[PDB]
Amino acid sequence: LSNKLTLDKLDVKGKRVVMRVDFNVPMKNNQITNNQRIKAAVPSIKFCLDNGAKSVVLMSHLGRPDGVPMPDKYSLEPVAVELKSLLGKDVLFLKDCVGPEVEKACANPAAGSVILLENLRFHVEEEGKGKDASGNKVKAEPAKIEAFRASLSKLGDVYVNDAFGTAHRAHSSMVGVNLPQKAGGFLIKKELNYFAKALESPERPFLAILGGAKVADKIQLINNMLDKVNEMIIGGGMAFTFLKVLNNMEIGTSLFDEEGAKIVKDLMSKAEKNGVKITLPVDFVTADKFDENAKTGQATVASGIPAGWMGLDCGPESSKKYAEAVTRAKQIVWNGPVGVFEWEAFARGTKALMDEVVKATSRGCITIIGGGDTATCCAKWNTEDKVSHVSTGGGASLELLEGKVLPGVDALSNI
């Protein structure tokens, strides 16, 4: 960022600001479970308003609608409502993010107008791909992508990107906006500065804790991370891929990444060569279906998971092994709950791991927890202030740990 235009050097007096934020907040039945990512953008938004912005037009994705409109499942409308509360200002919600009606509402707003656009991923051109409404994979057309970007660019005179949590995504709203000044917000500044200091020479041992459910994405990041860390917990939804390939463990209907499976053995060889201690769980809480009211069971690696059942949390021997890796660390980066922590039957391991990480912070371990869902763990159990840093970035944070530049940063104007 030292090299890039940032919002503190952007003259906004009388300008419309179009601002990409990560408002991809966790939900249960169109209710916001954690407004952390919303609050995190407020400093950038208030700056613009305080310094005389004509308008701030906010844009984000929510979940993975795959390029089809899904207002019933994936609308940002609840986020506009929560934003109102957080800003003390009213927020005009629009039901689309591009096209003539949107351009019109954004062309010349009343001074101080805050506008939140609908889910960008209701359009295929944001990601550059998705699925048609029948579930068949489609790829977007370049001339349509270009038009999508041109339409977004009409909505502001100047562009800010404060979407740290999405900064690893080279999507239209993140790298494609064509305006003369493209400036990083304060949340991006705050996050890049923390990780720059913490990644420069990590305290050792440096433990990465990888869990969660986006197994196809995350498994592809392990290879570079193995040059940076001394230990790695591979837990949550990611473990099953590894145990299937390594132990031939019967995993039931647990998450499994078919492509990921093909590099597991390569990753474990690299880990052995780099002296990275891999800790996989050894036991599970199982469920007879993917429901919070499912019947619960126990499984071990040796027993396997029964057919039709899925592992949704680690068990007590796993928690103990996770605790011992946490006890040995001087620095930790954790992204991905180690169970379906949202559901109380499957929350105990993630809760146990959190208690250990809080303890560790107390004896001077540098502890970093990131992700839309992993940070919600901290909100759930009131630990946001009992670890060293809660980041709004999960996958974005792991890509920094890999040593990469984030495209959403790299696309900003130079100083």
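The first residue of the sequence shown is number 1, and the count goes up from there.
*Asks:* Comparing 63-71 with 369-377, which stretch shows the greater average C-alpha B-factor in the deposited entry?
*Replies:* Mean B over CA atoms: larger for 63-71.
*Asks:* Please work out which of 131-139 and 107-115 has the higher mean CA B-factor as recorded in the PDB entry.
*Replies:* Looking at the record's C-alpha B-factors, the answer is 131-139.
*Asks:* Check the PDB entry and point out which of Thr279, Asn224, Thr327, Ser319 has the largest C-alpha temperature factor.
*Replies:* Spelled out: the listed residue with the top C-alpha B-factor is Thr327.
*Asks:* In the PDB entry, which of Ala167, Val158, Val124, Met238 has its C-alpha at the highest B-factor?
*Replies:* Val124 has the highest C-alpha B-factor of those listed.
*Asks:* Would you mind checking where the Cα B-factor of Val25 ranks among the modelled residues of its chain, as the lowest, middle or highest third?
*Replies:* According to the entry, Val25 has a C-alpha B-factor in the chain's middle third.
*Asks:* Looking at the temperature factor on the CA atom of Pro43, which third of the chain's modelled residues does it land in?
*Replies:* Middle third - that is where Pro43 ends up once the chain's C-alpha B-factors are sorted.
*Asks:* Comparing against every modelled residue in the chain, figure out the third that the C-alpha B-factor of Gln36 lands in (lowest, middle or highest).
*Replies:* According to the entry, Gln36 has a C-alpha B-factor in the chain's middle third.
*Asks:* Ranking every modelled residue in this chain by its Cα temperature factor as given in the entry, which third contains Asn335?
*Replies:* CA B-factor rank for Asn335: lowest third.
*Asks:* Going by the CA temperature factor in the PDB record, which third of the chain does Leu5 belong to: lowest, middle or highest?
*Replies:* Tercile = middle for this residue's CA B-factor.
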